[PDB]
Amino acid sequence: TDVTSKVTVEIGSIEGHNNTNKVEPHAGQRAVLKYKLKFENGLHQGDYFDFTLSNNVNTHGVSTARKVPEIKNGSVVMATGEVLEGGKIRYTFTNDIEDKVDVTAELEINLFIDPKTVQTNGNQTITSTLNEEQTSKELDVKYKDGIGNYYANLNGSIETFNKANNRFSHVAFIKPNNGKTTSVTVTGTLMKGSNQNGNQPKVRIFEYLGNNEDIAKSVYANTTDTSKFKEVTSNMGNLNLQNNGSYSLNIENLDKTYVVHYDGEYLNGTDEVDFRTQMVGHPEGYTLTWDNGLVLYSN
C-alpha cells in the first residue's frame, strides 16, 4: 500500500555547501536534504512512501548509479529506496516495520545540481515534497568559466562516471575568441586512471552550430541534438586514438566552436578519474590546459 499519508516530516531542511546558501558545482560541491520522519503504526513489508525532488537536483550527479541510502534503526534496515521517474524517490518497507511502535528515522541525501536543468549561474529554489509538506531552500548556483586567452577558451566537464563498469564520459568545448587560430591540436589524457592494457576510447567530434551566448555555462552538451551539434568525426585522418585512453586531434581552422565527446574505460582499482584536455593553437603558439576531476560523496 501507498502509505505516504502515514509519514510526518518532523524536521526537514535543505542546506547549501558547507552549510552556506551557495553551491559551486564545478568545484565539486553539493546540497544536502535532511529529514527526520515519523511513521504511523501498523505498516507492513512492501508498503511504500514517496517524495519528489525539484528537477534542478538529482541524487547521483556525475555517477551513473541511481541509489539512495537505506532507512535504518541502528543496524536494522527499515526500508529500501529507489529512484523513479520525474524526481520521485520511493521507499519500500521491509519485514522489520511489522508491529513496531512510534517508529522514527533520519535520512540524509546529497543533492547535486543538474547541469541539464540548471544551465547558468542563478538563484535556484530546491524543494522536496513529501505528503503535501514542502521542504524548501533558495541556493545560489555558480559555475566556472573554463580557461581562456585572446584567441580561445577551453572548457570541459565529466559527463558520466560509471563505477560498476569502469567507464566514464567527458565533453570539451573548444571556442575561438578574437583573431585567427590555425594549426590547433587538442589532446585528451587520463592523468589518473589510464589503462595501458585497455581499449581505445570512442571519440566523437562535433561542430557547434548555435550562438556562443547559448552554450550552457554549466557545460552540458546534448550531442544528440543535430541542430546544435553537427558530427564531423568522419571528416576528421586528423584523429589519433591510443589504447592508454589518450587521443590527439588536429583542427585546421578554428572558425567555430568544436566539441569533443569522449567515452572510455579507466583502470580497475582507480577511485576517481583525472582527465586533462590541452589545446595548442597558432595565431594567424599558445597552450590552454583544462583539468576535470571528481568529488564523490556518500549517503
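Numbering starts at 1 and follows the sequence shown.
A chain break between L267 and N268 is not present, all residues of the deposited sequence in that interval being modelled. When the mean C-alpha temperature factors of 144 to 152 and 222 to 230 are read from the deposited coordinates, 222 to 230 comes out higher. For the pair 27 to 35 and 66 to 74, the record assigns the higher mean C-alpha temperature factor to 66 to 74. Of all the options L43, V57, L239, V259, the entry's greatest CA B-factor is assigned to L239. Among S169, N212, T125, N110, the highest C-alpha B-factor in the deposited entry belongs to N212.
Among all modelled residues in this chain, the alpha-carbon of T8 has a temperature factor (C-alpha) in the highest third. Among the modelled residues of its chain, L53 has a C-alpha B-factor that falls in the lowest third, as given in the PDB entry. Looking at the C-alpha B-factors along this chain, the one for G179 belongs to the highest third. Among all modelled residues in its chain, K202 ranks in the middle third by Cα B-factor.
Per the PDB record, residue ranking by Cα B-factor puts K22 in the middle third of the chain.
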